[PDB]
There are 2 protein chains.
Amino acid sequence: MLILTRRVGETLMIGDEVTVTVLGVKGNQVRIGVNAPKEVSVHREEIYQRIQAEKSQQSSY
Amino acid sequence: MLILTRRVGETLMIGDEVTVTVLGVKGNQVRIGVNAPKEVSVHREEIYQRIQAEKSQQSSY
């Protein structure tokens, strides 16, 4: 558990070739950017990757 | 590259047993929480983990 303040442009790399920047700065909603490859076991919100990663993939398709 | 708005309590898992919540909500500075194990190749800001992960030296509180 590591809690580090952020609001500009972070850059962490967990796995073996990733890159996740937690922008932090934004109007009302903060646009968080998560850059990660589909090689390592990566799980996220269905809708999230459903609109960014894969255009409507769902469980089985 | 996946850009998803966030400001409440996210939860992504990249690797094989992690958990990073990009709080988003906060006063002036946004306290971002990155929960990740020291098993997979994870690299971050020296100072960051130096104060959270491994006690680089010491702190006054």
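(A) Representation of the interface of chain B and chain A in the model. With 36 residues of chain B in contact, the opposing surface of chain A contributes 36 residues. When the two sides are added together, the surface that chain B and chain A hide from each other amounts to roughly 3,900 Å², 61% of it contributed by carbon and sulfur. Contact with chain A buries area across many residues of chain B, yet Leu2(B), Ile14(B) and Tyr48(B) alone supply 19% of it, more than any other trio. Where chain B packs against chain A, one counts 18 residue pairs in polar contact. Secondary structure elements with two or more residues in the side of chain B that touches chain A: β1 (2-6), β2 (13-15), β4 (30-35), β5 (41-43) and α1 (46-51) of chain B. Sort the elements by how many residues they give to the side of chain B that touches chain A and β4(B) lands first, with six residues. Each residue belonging to the side of chain B that touches chain A can be placed in one class, and the counts come to 18 nonpolar, 11 polar and seven charged. In the sheet, strand β1 (residues 2-6) of chain A pairs with β4(B) via five bridges, with the strands oriented antiparallel. Bridged to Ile3(A) within β4(B) is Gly33(B).

(B) Looking closely at the side chain of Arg6(A). Tracing the chain through its elements places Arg6(A) in strand β1. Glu45(B) is the oppositely charged side chain nearest to the buried, salt-bridge-free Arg6(A), at an N-O distance of 4.0 Å. Reaching out from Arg6(A), the side chain makes a polar contact with the side chain of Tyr48(B) at a distance of 2.6 Å.

Criteria and thresholds
Residues numbered from 1 in each chain as written, not as in the entry; some residues may be left out. Chains lettered and ligands numbered in written order. Heavy atoms only, no water. Contact = heavy atoms within 4.5 Å. Buried area = accessible area lost by both parts, 1.4 Å probe. Polar contact = N/O pair within 3.5 Å; in protein donor to acceptor, adjacent residues only side chain to side chain. Helix = DSSP H or I, 4+ residues; strand = E, 2+ residues; numbered from the N terminus. Nonpolar A, V, L, I, M, F, W, Y, C, P; charged D, E, K, R; others polar. Pairing = 2+ DSSP bridges. Buried < 20%, exposed > 50% of the residue type's maximum accessible area, 1.4 Å probe, protein only. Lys, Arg positive; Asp, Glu negative; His and termini not counted. Salt bridge = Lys/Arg side-chain N within 4 Å of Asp/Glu carboxyl O.

Purely geometric numbers; function is a separate question.
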